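Quick heads-up: it's one chain on its own, the form deposited in one PDB entry, in structure tokens.
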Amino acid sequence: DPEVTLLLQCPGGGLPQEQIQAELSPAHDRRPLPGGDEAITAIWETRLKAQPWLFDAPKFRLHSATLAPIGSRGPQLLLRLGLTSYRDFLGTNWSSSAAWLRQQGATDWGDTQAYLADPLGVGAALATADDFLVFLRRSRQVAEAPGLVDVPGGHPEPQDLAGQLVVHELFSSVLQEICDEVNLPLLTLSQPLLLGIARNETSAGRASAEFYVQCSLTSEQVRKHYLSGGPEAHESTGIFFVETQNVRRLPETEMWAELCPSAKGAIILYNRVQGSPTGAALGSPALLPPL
């Protein structure tokens, strides 16, 4: 799977909100482009003169994420974040020249990402009461990953002493994206656990935080809520469910070639962090069948 790389695998089965610190600093921003940010402004002007209803939005930028020594007390993860925008994404990661910008960043800064917007995504491994994960089908008419399978998620918009409010917005945003697209009541969802961070090498290395969320509704009840919104209540074109039993071997299935990179990252981290038991009971052959 060359189109996804793991940047972070969380310990303890995943981290709760209270164990994460954020540092939001202009030191974590994209570097100005070598020949100037006028190249971004030109791409944006061309796009608005074809689609004048488009609008810019702020985004968080991922610089890096440092895990504490395993088994330690106190905060377990430090997220170093800057600020970026949808406009800067279109002019860098989404540009035909994105690979040239990665090479220039290695040369100038020793950092393949230094010239890339790198907006932070969120995604969820969303489990039902009857032990299935939730999958969504993308429209065949959108620009990114048309017709592919995704999981619930999105790219959160901004608004440890500004830090804790940023971590709160990240955790809040993955629940809001589940309520907006799957049409589930907020009170049927668990507090999220962070499983890790995955990079999309098809989008010049932009990263997504991948979370585990449990729902108190069955697969049948989740399906009814999604469909009862009607076609205008969701961007996806369909919902479907895979038993958690079967997610273990998903990379060996024909479904794997249909998954978009950020959804592949969610399922790899689910299998490594929530699956893959370490104890004698769940690791016994009848409960963890060999192969």
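Residue indices: 1-based, along the sequence shown.
Below, we turn to the form deposited with a small molecule bound, even though it does not appear here.
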130, 188 and 280 each touching the small molecule in the deposited complex (heavy atom, 4.5 Å): no
Proximity to the small molecule in the deposited complex (heavy atom, within 4.5 Å), stretch among 189-197, 108-116, 212-220, 170-178: 170-178
Interface membership of residue 289, the small molecule in the deposited complex, 4.5 Å heavy atom rule: yes
Interface membership of residue 46, the small molecule in the deposited complex, 4.5 Å heavy atom rule: no
Residue 258 within 4.5 Å of the small molecule in the deposited complex, heavy atoms: no
The small molecule contact in the deposited complex: residue 248, any heavy atom under 4.5 Å: yes
